[PDB]
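Below: the structure, in structure tokens.
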Amino acid sequence: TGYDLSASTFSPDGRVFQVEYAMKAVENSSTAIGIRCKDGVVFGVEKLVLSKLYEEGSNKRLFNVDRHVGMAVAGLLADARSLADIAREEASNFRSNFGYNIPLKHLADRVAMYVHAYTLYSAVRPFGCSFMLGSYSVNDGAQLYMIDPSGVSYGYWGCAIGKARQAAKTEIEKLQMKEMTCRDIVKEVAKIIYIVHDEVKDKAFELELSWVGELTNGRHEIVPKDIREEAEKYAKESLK
Amino acid sequence: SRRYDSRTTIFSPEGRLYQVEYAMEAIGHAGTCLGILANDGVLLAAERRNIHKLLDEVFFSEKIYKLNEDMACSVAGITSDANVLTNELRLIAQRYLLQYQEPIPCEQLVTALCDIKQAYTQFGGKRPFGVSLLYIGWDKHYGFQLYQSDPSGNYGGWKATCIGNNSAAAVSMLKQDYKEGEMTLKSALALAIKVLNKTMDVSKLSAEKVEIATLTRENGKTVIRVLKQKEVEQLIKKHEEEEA
Amino acid sequence: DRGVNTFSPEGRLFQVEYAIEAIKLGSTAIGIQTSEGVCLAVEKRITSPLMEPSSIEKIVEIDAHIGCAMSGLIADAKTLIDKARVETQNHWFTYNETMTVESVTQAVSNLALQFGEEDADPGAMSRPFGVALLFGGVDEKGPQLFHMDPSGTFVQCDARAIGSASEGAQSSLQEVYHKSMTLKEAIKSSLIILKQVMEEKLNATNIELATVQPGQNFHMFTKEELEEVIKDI
Amino acid sequence: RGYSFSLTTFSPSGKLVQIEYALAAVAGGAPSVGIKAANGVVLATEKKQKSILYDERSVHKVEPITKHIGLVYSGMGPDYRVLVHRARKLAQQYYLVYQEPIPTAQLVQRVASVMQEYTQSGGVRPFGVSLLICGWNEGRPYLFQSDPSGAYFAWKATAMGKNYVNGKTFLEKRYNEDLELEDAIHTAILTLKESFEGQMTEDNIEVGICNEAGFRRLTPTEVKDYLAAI
Amino acid sequence: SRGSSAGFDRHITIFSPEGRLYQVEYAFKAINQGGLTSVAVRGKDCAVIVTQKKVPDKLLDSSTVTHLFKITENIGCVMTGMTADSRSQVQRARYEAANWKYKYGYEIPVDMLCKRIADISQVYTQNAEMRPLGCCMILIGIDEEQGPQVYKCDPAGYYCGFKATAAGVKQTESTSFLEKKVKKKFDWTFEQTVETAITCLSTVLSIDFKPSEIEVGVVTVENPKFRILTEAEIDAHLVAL
Amino acid sequence: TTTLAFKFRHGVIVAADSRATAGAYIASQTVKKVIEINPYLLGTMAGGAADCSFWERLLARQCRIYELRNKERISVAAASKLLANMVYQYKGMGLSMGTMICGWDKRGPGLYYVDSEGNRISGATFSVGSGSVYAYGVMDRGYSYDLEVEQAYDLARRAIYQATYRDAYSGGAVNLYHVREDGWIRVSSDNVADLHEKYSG
Amino acid sequence: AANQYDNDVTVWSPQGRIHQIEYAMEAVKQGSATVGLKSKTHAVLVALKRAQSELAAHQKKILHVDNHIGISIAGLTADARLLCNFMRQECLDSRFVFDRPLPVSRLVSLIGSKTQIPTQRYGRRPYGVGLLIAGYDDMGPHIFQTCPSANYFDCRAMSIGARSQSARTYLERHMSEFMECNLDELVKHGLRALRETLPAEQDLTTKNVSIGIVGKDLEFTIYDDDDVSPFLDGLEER
Amino acid sequence: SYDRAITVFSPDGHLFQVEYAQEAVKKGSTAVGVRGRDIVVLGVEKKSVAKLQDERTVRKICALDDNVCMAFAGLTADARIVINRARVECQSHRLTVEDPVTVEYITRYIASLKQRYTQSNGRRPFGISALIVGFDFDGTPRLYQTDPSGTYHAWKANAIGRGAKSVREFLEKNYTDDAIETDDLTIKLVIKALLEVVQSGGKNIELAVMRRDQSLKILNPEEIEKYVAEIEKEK
């Protein structure tokens with residue numbers, strides 16, 4: 001009776017309810033898609049601007065961590081910002097400790113087992129934030145990973161987390177995935193974001209993009225700022 | 001979580017302690033071993049577990065435990081806890097020696113054990129030590145003396161008090177029979193086998209199903225005897241004839 | 001039940017809005033800041049007459065120029081009165097001067113909403129301090145009294161009533177004070193205690209009154225001064 | 001982290017509710033016999049796995065504590081392995097301070113001492129393994145049993161696990177005080193043979209003896225040898 | 001004293017009445033969630049590994065999704081539990097392998113590695129305030145003395161020592177097929193393992209796989225390094241059926 | 001530094017000089033080397049100018065906490081005792097001080113002597129300081145318990161006048177205190193030169 | 001039985017809700033109203049102070065933390081003072097170590113990581129206070145609402161407190177005359193934004209209104225009971 | 001390390017753990033004391049009824065150092081801790097100021113200690129209540145009565161045992177000025193006050209007196225007997 005409300009207690013069919021209640025707690029938050037291609041990984045985050053009172057970038061949802069990996073986050077921005085800054089401290093301890101710049105698979109496994117080992121105790125709650133990473137070293141490939149509140153981390157190509165990921169996974173699947181040179185897909189990211197945003201009601205879809213690529217050489221930039229007036233010209237493909 | 005704690009260290013609305021008087025009912029299930037003092041030394045008189053053959057040899061029994069050259073203790077209630085605490089209090093005895101080069105007058109020891117056992121019922125959220133153990137001893141200050149304690153924490157000089165079941169067979173009858181001035185320890189054995197002869201289901205009260213142990217002396221040093229077998233077959237035929 | 005660090009379906013904490021109660025329980029104290037002092041009084045509610053009434057400490061001098069007046073759950077204040085005077089002589093020690101009243105009141109009210117179940121070492125507090133008090137003190141700014149809550153909220157006050165008489169005595173005190181001391185605020189405040197009267201006509205055995213005046217340091221009133229005032233009413 | 005409140009507590013009747021449940025979990029365990037004999041003991045037990053699929057030379061139930069003291073269980077699986085870990089550690093504290101192999105009685109003192117605080121002390125449930133002890137210790141062999149309460153008793157024969165009333169009554173019938181070597185093994189084999197759930201396979205039993213030269217497990221070619229001599 | 005529950009029997013890892021602490025079998029039912037299913041092969045000279053692995057949507061990177069982890073240069077492992085609890089368990093096994101090699105010299109043999117992770121899984125299911133994490137570790141490996149071994153610690157800590165037992169989804173049909181197909185040769189050499197390894201999967205769940213969805217990890221006595229196979233050699237292994 | 005104190009049948013005189021050296025160069029000719037911890041007691045200082053100033057400062061804090069906490073005037077043996085406790089538990093750390101703790105209480109004139117080693121003795125008279133034994137000599141020639149107030153003042157002025165004349169590490173001024181059952185008062189701020197012309201040597 | 005999500009900053013409501021650190025957002029909706037805003041040059045803060053007593057300093061809201069990074073509390077007061085002793089102490093620590101003004105964004109981000117820890121762990125209530133911090137770093141004078149849900153907002157012209165939504169909807173439709181509008185006509189434009197949260201009958205008196213100014217070439221300056229009297233105009237009749 | 005907050009505010013300002021300690025002192029012995037203006041005097045309920053007691057270790061009358069001594073009432077084993085810590089800090093207050101330690105200060109230490117157990121994390125505030133009697137540097141035979149809420153009162157009878165509301169209203173009635181003499185009328189008032197409740201002092205009552213910072217003397221069956229006799233003769 002009441003097998004809920006504690007992460008150290010299983011269901012009678014083996015399903016820790018404090019994890020799947022955290023999973024819907026990112027399903028009631030906006031989308032943030034990430035598309036891999038051969039020269040790097042392009043992020044794009046939906047924004048749901050509440051009032052006019054918030055200015056541009058009122059809440060960052062494309063954080064960066066180690067001067068090359070990124071942080072497209074979905075759920076609670078407090079929890080996502082917390083694991084963002086301890087990811088910063090984690091790549092800090094790797095670069096300080098081993099000298100070599102952190103390969104992303106080890107960072108995703110490390111933050112993954114951090115947020116997993118944080119779901120084994122009744123003295124803590126699970127995190128309420130799905131998030132994804134992404135970068136490439138000169139010989140790494142465009143590695144990106146995505147991490148659930150359960151703590152599982154998978155390598156993807158075009159993963160999408162948020163509310164409208166039921167819509168968003170279809171267009172990324174029909175987009176040609178492997179062999180295009182990231183500039184077009186920055187442009188094409190707006191087509192996904194304008195399709196999956198199915199409102200006009202007080203959210204304004206004032207999107208935001210960042211990537212890592214051969215135009216960046218392992219960095220992050222908000223776009224630079226010109227595709228915001230070039231990928232804005234993919235209106236009427238959602239209005240027709 | 002606060003849904004899970006048993007909350008042992010809570011006063012009742014009637015003011016008492018729920019986990020403490022549940023230990024007092026644990027004594028009445030299993031418990032025997034009265035103790036009688038005299039002008040001479042003091043004895044325990046005890047009962048083993050059952051008739052079950054299948055028991056090879058006890059060096060001392062599971063009941064009477066040696067503590068110093070001049071002290072001993074007997075145990076009621078849950079036997080798993082008290083073993084721990086008696087080794088615990090045994091440590092206390094020896095470290096008094098290490099602090100003072102005295103054989104630890106027994107009231108110091110009973111006070112120390114009752115303070116730590118009170119500390120387990122005071123805080124920490126744990127269950128209290130479910131044993132109302134008692135003590136016999138001697139010091140140069142006072143005479144032969146026995147003390148008796150309980151899982152609540154208080155104690156006393158309890159000149160003929162028994163513990164466990166049948167408080168009336170063992171002990172209200174004793175407070176109509178004990179001569180407080182002089183007792184003459186052989187007749188204290190006789191009164192002990194009287195009370196144990198009334199508090200048993202069987203008349204086979206030999207050392208298969210009894211455990212009596214005395215404390216005496218010779219020339220100053222105390223002697224703790226566990227009253228080996230044939231002495232019990234002596235005292236069991238000391239009726240020959242009647243006791244009540 | 002639920003714990004101490006939880007918010008209530010009204011809007012507040014549980015233990016804080018429960019700590020506003022047990023202030024209605026307990027004795028009543030009043031204080032009036034004037035332009036040349038501040039007067040404090042408390043009807044300390046003696047139970048039996050078989051006894052000694054002059055050791056119920058409800059007017060406690062923090063320093064020579066800060067006197068507090070507690071009520072509610074009595075003797076729960078002694079840890080934070082101890083922190084008040086230890087912080088006071090720490091201030092005079094490290095800075096070689098007097099204090100304000102908002103520095104002692106700043107320092108005590110930090111300890112009010114500072115508790116919890118699972119925290120640092122068990123010398124911390126579990127329940128909040130269920131004692132409302134007010135520091136009558138004189139400063140180089142001015143005489144003033146700072147009414148605390150058990151919530152850590154402290155406010156500037158010039159006429160404040162605590163205890164069970166926190167509505168009728170406060171509303172009576174709302175209409176009778178505007179001007180200055182001129183010796184009669186202490187006689188128009190025990191008059192409010194005279195309307196409050198629970199057991200006895202407010203003689204010099206059941207009320208404790210003390211003033212803090214800028215010329216002197218403080219004055220805990222003795223018996224003949226009190227019954228000198230009571231004779232005038 | 002941690003709880004620091006005891007989950008084992010007193011019933012309103014005045015008894016430990018968790019410990020009788022621990023003796024229930026012991027009584028639902030695999031049956032195991034132990035026979036004290038005039039020079040040495042025998043501690044037999046029953047290893048029935050699910051299928052004929054596993055390595056019967058992989059896990060043991062007879063396993064020594066470092067010198068001449070083996071201990072066999074009945075009940076929970078891995079809580080036993082914790083008690084072997086703690087027991088070996090306590091025997092090596094004793095060996096490094098007193099420079100002799102530990103007397104069996106003192107090892108049962110310390111194993112019963114470590115099983116007591118799991119009837120207390122912060123959220124831990126008691127072990128629910130009433131393992132029994134052997135040992136040659138000088139002159140005459142010893143045998144004990146540490147219940148999940150923390151009590152211990154020495155005797156001449158016992159059984160535990162499933163249907164142990166039949167083991168205690170049957171060993172009460174067939175025991176002699178001089179009955180010493182391999183005859184004890186014989187009656188141990190025909191105490192496990194009493195139920196066994198069928199056919200008495202040598203890979204499903206293992207025995208361990210304390211024949212004045214250290215506790216040692218018996219090789220599977222020796223149990224089947226006396227299974228040929230039934 | 002059977003249904004007279006002492007309160008939190010199905011909440012905390014404590015004893016219920018009649019024994020049967022109700023968390024480890026609630027943790028056993030956790031390893032059947034989804035179900036990507038391993039079977040263990042034992043070779044008198046080669047411990048092969050088989051498991052099935054299904055990609056959802058051709059959007060996952062199929063190389064990154066696996067179970068098939070490598071503990072050291074001689075010990076591989078595969079686990080079928082909930083994959084959140086998998087990598088927290090395999091990282092501690094790598095930790096105790098490298099800690100064994102730093103602390104006791106030689107590289108750790110396969111048995112007491114599984115004893116040790118079985119023992120920390122025990123202290124998960126002994127203390128409260130932690131759940132016994134639901135993944136079981138089919139792990140193979142060869143030492144110098146004996147043959148190839150295979151082990152599985154459950155989420156209760158009961159490692160056994162198996163001839164070849166794989167638990168995942170459809171554990172009972174698999175071990176029934178292996179039991180019916182090992183009594184033919186109790187000596188059981190079968191280095192090729194072509195009629196045993198994949199055919200347990202293709203006879204239990206009937207897919208008759210293309211060489212994508214199956215992961216195979218061999219060790220051999222002639223080459224004890226743990227090797228994960230690719231679609232070329234597993235494709236020759238499948239057309240050998 | 002050369003302090004001095006002696007009790008008699010009217011309270012106790014505490015006198016001290018006013019110079020503060022720095023080895024050989026001297027810092028001030030006017031140093032308040034008597035700490036007024038309350039208007040009932042006093043306390044002197046005899047070396048380690050931040051040590052002694054800090055520990056009678058902190059003694060003033062602790063004794064004021066005793067005044068608030070137990071609503072009584074502090075006994076002088078309590079103040080000297082707790083001073084000896086704290087500077088005892090900094091023994092061996094290079095700490096160097098020494099003082100009178102005089103002052104009337106409910107039993108006597110007081111005058112305890114507490115230093116860095118933790119002596120903590122009662123006394124009839126003392127004079128701690130750098131030279132200071134000069135003061136002992138001249139004070140113990142003219143001391144009696146049956147003195148009145150004025151030649152006790154002249155006994156202190158001549159006493160640490162000669163103790164500042166002969167010693168090098170002393171001088172400056174002389175302040176003098178006569179505490180009794182009202183608290184300390186101040187009776188002097190004279191320097192050495194006006195005493196020299198006052199008494200012709 | 002009734003609400004098993006009452007033992008509850010560890011638990012999740014089955015939809016998405018953490019069920020009491022949004023209820024701490026209720027606990028700062030209950031607090032007193034305030035309004036801050038920013039210009040192109042200098043940002044201002046304006047607060048009305050509730051008098052739940054005889055009369056008082058009305059529980060002084062806007063606080064000096066800093067050396068130009070000023071705050072405006074709403075909600076609990078002792079918890080607010082704890083949080084500004086934290087913010088205060090490490091702002092002075094950045095004065096100590098780096099010897100520069102601590103930038104406002106890193107300030108509000110690390111308190112956004114300091115009030116985020118009791119939201120995470122067990123048996124510890126969130127800091128139930130809604131700060132409305134405002135300061136002038138190297139670029140333009142920022143202003144940050146942060147919240148007890150540890151989710152700050154780089155906003156401009158925000159109002160939080162009791163019925164402050166009406167002050168927002170005045171202040172949302174009057175953003176066009178920001179990035180101009182100097183101090184004398186800016187704070188008038190903020191007081192007539194505050195003068196809607198009042199219960200439709202009341203002057204912005206000199207007693208209850210305490211404001212704060214921060215920006216180019218001026219310290220974060222508190223205007224109390226006297227100094228708010230040169231700011232006087234309006235009717236609004238509101 | 002147990003950290004559950006036990007002593008918590010319920011609704012209507014009621015701190016239930018402390019009032020449960022108030023029944024826990026309502027269900028004890030019947031202790032009583034009289035400040036008799038040159039002497040102080042105690043008395044509690046004899047024992048029960050010794051029969052097989054030891055009178056040496058049935059002491060509700062305890063001595064702190066020499067002058068102050070207390071009679072607890074309730075739970076009789078949580079009290080002995082407070083006895084021990086009272087003796088320890090009492091020796092520490094002989095270490096610092098070196099006085100015949102004043103009774104006010106040690107009863108402030110007891111009340112501050114029990115109030116510190118109404119605050120800490122999970123330790124059940126005591127179920128005792130004291131009668132701190134004694135003297136000081138100048139006579140002044142002050143009596144004090146503490147409380148499980150840590151509130152001490154300097155009253156003059158304070159019968160705070162189990163059937164002692166009748167005793168304190170009796171002592172309200174019958175203590176004005178007739179007990180200002182040396183010992184006899186005071187001790188007669190105490191043994192009259194406890195003979196209101198139970199029965200003869202040959203089995204029940206025991207007392208203790210304290211005179212001017214010397215001779216804490218208990219009264220063997222003799223004292224009690226005499227007291228009872230006198231009381232009966234007067235009544």
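Lettering and numbering for the structure tokens are positional, with chains as A, B, ... in the shown order, residues counted from 1 in each chain, and ligands counted from 1 in the shown order.
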
Region 188-200 of chain A environment, 7 Å, only C-alpha atoms, sequence neighbours closer than 2 positions dropped, as a PyMOL selection string: chain A and resi 44+46+164+167-168+171+184-186+202-205+231+234+238

Spatial neighbours of residue 45 (chain C), 8 Å, only C-alpha atoms, chain gap at least 6 places, as a ChimeraX atom specification: /C:27,199,206

Go ahead and save the picked residues with N, CA, C and O atoms, as a PDB file, in the first residue's frame.
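Output saved as selection.pdb:
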ATOM      1  N   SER C  27       2.435  34.464  29.924  1.00  0.00           N
ATOM      2  CA  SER C  27       2.130  35.764  30.496  1.00  0.00           C
ATOM      3  C   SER C  27       2.172  36.852  29.427  1.00  0.00           C
ATOM      4  O   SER C  27       2.593  36.636  28.291  1.00  0.00           O
ATOM      5  N   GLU C 199      -5.871  37.787  38.032  1.00  0.00           N
ATOM      6  CA  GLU C 199      -5.984  37.145  39.332  1.00  0.00           C
ATOM      7  C   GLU C 199      -5.929  38.108  40.502  1.00  0.00           C
ATOM      8  O   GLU C 199      -6.423  37.778  41.583  1.00  0.00           O
ATOM      9  N   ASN C 206       3.161  40.848  41.649  1.00  0.00           N
ATOM     10  CA  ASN C 206       2.820  40.068  40.474  1.00  0.00           C
ATOM     11  C   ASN C 206       3.144  40.745  39.154  1.00  0.00           C
ATOM     12  O   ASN C 206       2.946  40.124  38.106  1.00  0.00           O
TER      13      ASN C 206
END

Report the closest atom pair, with its distance in Å rounded to one decimal, for each residue of chain C that has an atom no farther than 7 Å from chain H; count only C-alpha atoms, sort by chain and then rising residue number, and write it as a Markdown table.
| residue | atom | partner | partner_atom | distance |
| --- | --- | --- | --- | --- |
| C:15 | CA | H:9 | CA | 6.1 |
| C:18 | CA | H:11 | CA | 5.8 |
| C:19 | CA | H:13 | CA | 6.6 |
| C:21 | CA | H:13 | CA | 4.5 |
| C:22 | CA | H:13 | CA | 4.2 |
| C:50 | CA | H:172 | CA | 5.2 |
| C:51 | CA | H:155 | CA | 4.5 |
| C:52 | CA | H:155 | CA | 5.2 |
| C:55 | CA | H:154 | CA | 6.1 |
| C:56 | CA | H:153 | CA | 6.8 |
| C:75 | CA | H:151 | CA | 5.9 |
| C:76 | CA | H:115 | CA | 6.6 |
| C:117 | CA | H:4 | CA | 5.4 |
| C:118 | CA | H:3 | CA | 5.7 |
| C:122 | CA | H:121 | CA | 5.9 |
| C:123 | CA | H:120 | CA | 6.3 |
| C:124 | CA | H:120 | CA | 6.2 |
| C:125 | CA | H:119 | CA | 5.2 |
| C:126 | CA | H:5 | CA | 5.3 |
| C:127 | CA | H:8 | CA | 5.4 |

Just-selected residues, C-alpha atoms written as a short mmCIF file (atom, residue, chain, number, x, y, z; two decimals), in the first residue's frame:
data_model
loop_
_atom_site.label_atom_id
_atom_site.label_comp_id
_atom_site.auth_asym_id
_atom_site.auth_seq_id
_atom_site.Cartn_x
_atom_site.Cartn_y
_atom_site.Cartn_z
CA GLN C 15 6.43 24.76 13.08
CA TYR C 18 2.57 26.59 15.47
CA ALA C 19 5.25 28.68 17.18
CA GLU C 21 0.84 29.74 19.19
CA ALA C 22 2.26 29.08 22.66
CA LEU C 50 2.55 29.95 49.40
CA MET C 51 5.70 31.18 47.86
CA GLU C 52 8.32 33.68 46.69
CA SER C 55 12.40 35.02 41.19
CA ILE C 56 10.26 34.70 38.06
CA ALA C 75 12.92 29.39 29.78
CA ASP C 76 13.24 28.44 26.12
CA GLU C 117 15.98 17.19 11.60
CA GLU C 118 18.87 15.95 9.43
CA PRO C 122 23.21 17.15 17.14
CA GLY C 123 23.92 20.32 19.11
CA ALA C 124 21.50 21.97 16.65
CA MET C 125 17.85 22.71 17.41
CA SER C 126 14.79 20.64 16.54
CA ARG C 127 11.87 22.84 17.32
#

Interatomic distance (Å, one decimal) between CA of residue 159 (chain C) and CA of residue 31 (chain C): 5.8 Å

Chain F: residues DSSP assigns to alpha helix (DSSP H), reported as a VMD selection string: chain F and resid 51 to 70 76 to 88 133 to 142 149 to 166 192 to 199

Those same residues, written as a PDB file, in the first residue's frame with C-alpha atoms?
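In the end it all went to result_14.pdb:
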ATOM      1  CA  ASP F  51      49.514  39.581  25.297  1.00  0.00           C
ATOM      2  CA  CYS F  52      48.705  41.328  28.585  1.00  0.00           C
ATOM      3  CA  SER F  53      46.370  43.828  26.896  1.00  0.00           C
ATOM      4  CA  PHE F  54      44.487  41.035  25.144  1.00  0.00           C
ATOM      5  CA  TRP F  55      44.157  38.825  28.195  1.00  0.00           C
ATOM      6  CA  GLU F  56      42.949  41.494  30.597  1.00  0.00           C
ATOM      7  CA  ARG F  57      40.690  42.704  27.792  1.00  0.00           C
ATOM      8  CA  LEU F  58      39.313  39.166  27.521  1.00  0.00           C
ATOM      9  CA  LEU F  59      39.211  38.911  31.312  1.00  0.00           C
ATOM     10  CA  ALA F  60      37.014  42.003  31.247  1.00  0.00           C
ATOM     11  CA  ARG F  61      34.726  40.208  28.799  1.00  0.00           C
ATOM     12  CA  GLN F  62      34.528  37.015  30.888  1.00  0.00           C
ATOM     13  CA  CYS F  63      33.976  38.837  34.166  1.00  0.00           C
ATOM     14  CA  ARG F  64      31.241  40.962  32.595  1.00  0.00           C
ATOM     15  CA  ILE F  65      29.598  37.730  31.393  1.00  0.00           C
ATOM     16  CA  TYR F  66      29.789  36.523  34.996  1.00  0.00           C
ATOM     17  CA  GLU F  67      28.147  39.789  36.131  1.00  0.00           C
ATOM     18  CA  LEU F  68      25.270  39.275  33.716  1.00  0.00           C
ATOM     19  CA  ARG F  69      24.987  35.543  34.222  1.00  0.00           C
ATOM     20  CA  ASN F  70      24.961  35.248  38.013  1.00  0.00           C
ATOM     21  CA  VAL F  76      38.441  38.419  42.703  1.00  0.00           C
ATOM     22  CA  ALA F  77      39.591  34.811  43.173  1.00  0.00           C
ATOM     23  CA  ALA F  78      37.270  33.796  40.342  1.00  0.00           C
ATOM     24  CA  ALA F  79      38.763  36.330  37.924  1.00  0.00           C
ATOM     25  CA  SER F  80      42.340  35.445  38.845  1.00  0.00           C
ATOM     26  CA  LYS F  81      41.489  31.745  38.665  1.00  0.00           C
ATOM     27  CA  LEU F  82      39.942  31.824  35.193  1.00  0.00           C
ATOM     28  CA  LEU F  83      42.770  34.036  33.946  1.00  0.00           C
ATOM     29  CA  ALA F  84      45.179  31.400  35.241  1.00  0.00           C
ATOM     30  CA  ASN F  85      43.112  28.739  33.464  1.00  0.00           C
ATOM     31  CA  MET F  86      43.238  30.325  30.015  1.00  0.00           C
ATOM     32  CA  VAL F  87      46.832  31.562  30.102  1.00  0.00           C
ATOM     33  CA  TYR F  88      47.703  28.231  31.652  1.00  0.00           C
ATOM     34  CA  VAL F 133      62.628  44.245  42.561  1.00  0.00           C
ATOM     35  CA  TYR F 134      63.898  47.715  43.378  1.00  0.00           C
ATOM     36  CA  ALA F 135      60.240  48.438  44.111  1.00  0.00           C
ATOM     37  CA  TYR F 136      60.128  45.392  46.429  1.00  0.00           C
ATOM     38  CA  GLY F 137      63.025  46.747  48.466  1.00  0.00           C
ATOM     39  CA  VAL F 138      61.803  50.264  48.982  1.00  0.00           C
ATOM     40  CA  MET F 139      58.161  49.251  49.393  1.00  0.00           C
ATOM     41  CA  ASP F 140      58.959  46.621  51.954  1.00  0.00           C
ATOM     42  CA  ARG F 141      60.970  49.085  53.982  1.00  0.00           C
ATOM     43  CA  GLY F 142      58.094  51.514  54.479  1.00  0.00           C
ATOM     44  CA  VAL F 149      45.955  56.966  53.230  1.00  0.00           C
ATOM     45  CA  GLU F 150      48.514  59.696  52.626  1.00  0.00           C
ATOM     46  CA  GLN F 151      51.835  58.067  53.462  1.00  0.00           C
ATOM     47  CA  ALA F 152      50.582  55.011  51.607  1.00  0.00           C
ATOM     48  CA  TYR F 153      50.345  57.259  48.544  1.00  0.00           C
ATOM     49  CA  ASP F 154      53.808  58.601  49.294  1.00  0.00           C
ATOM     50  CA  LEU F 155      54.997  55.025  49.800  1.00  0.00           C
ATOM     51  CA  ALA F 156      53.849  54.171  46.283  1.00  0.00           C
ATOM     52  CA  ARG F 157      55.183  57.380  44.710  1.00  0.00           C
ATOM     53  CA  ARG F 158      58.571  57.011  46.376  1.00  0.00           C
ATOM     54  CA  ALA F 159      58.459  53.269  45.755  1.00  0.00           C
ATOM     55  CA  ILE F 160      58.106  53.204  41.991  1.00  0.00           C
ATOM     56  CA  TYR F 161      59.851  56.542  41.810  1.00  0.00           C
ATOM     57  CA  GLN F 162      63.033  54.834  42.958  1.00  0.00           C
ATOM     58  CA  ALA F 163      62.129  51.753  40.933  1.00  0.00           C
ATOM     59  CA  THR F 164      61.878  53.976  37.849  1.00  0.00           C
ATOM     60  CA  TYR F 165      64.956  56.001  38.766  1.00  0.00           C
ATOM     61  CA  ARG F 166      67.345  53.088  39.105  1.00  0.00           C
ATOM     62  CA  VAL F 192      59.084  61.427  37.225  1.00  0.00           C
ATOM     63  CA  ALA F 193      60.572  64.919  36.916  1.00  0.00           C
ATOM     64  CA  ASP F 194      57.965  66.661  39.079  1.00  0.00           C
ATOM     65  CA  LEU F 195      58.464  63.970  41.696  1.00  0.00           C
ATOM     66  CA  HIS F 196      62.192  64.631  41.458  1.00  0.00           C
ATOM     67  CA  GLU F 197      61.800  68.350  42.071  1.00  0.00           C
ATOM     68  CA  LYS F 198      59.073  67.614  44.620  1.00  0.00           C
ATOM     69  CA  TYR F 199      61.275  65.360  46.734  1.00  0.00           C
TER      70      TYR F 199
END

At most 8 Å to chain A: residues in chain G, only C-alpha atoms, as a list in words: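 Here they are: residues 4, 5, 9, 10, 11, 12, 13, 14, 15, 16, 17, 112, 113, 116, 120, 121, 122, 149, 150, 151, 152, 153, 154, 155, 156, 157, 158 and 172 of chain G.
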
Residue neighbourhood residue 12 (chain C), 12 Å, only C-alpha atoms, exclusion window fewer than 4 positions, as a VMD selection string: (chain C and resid 4 to 8 16 to 20 151) or (chain G and resid 20 23 to 31 75 to 76 125 128 to 129)

Interface residues on chain H facing chain F, 8 Å, only C-alpha atoms, written as a ChimeraX atom specification: /H:96-98,105
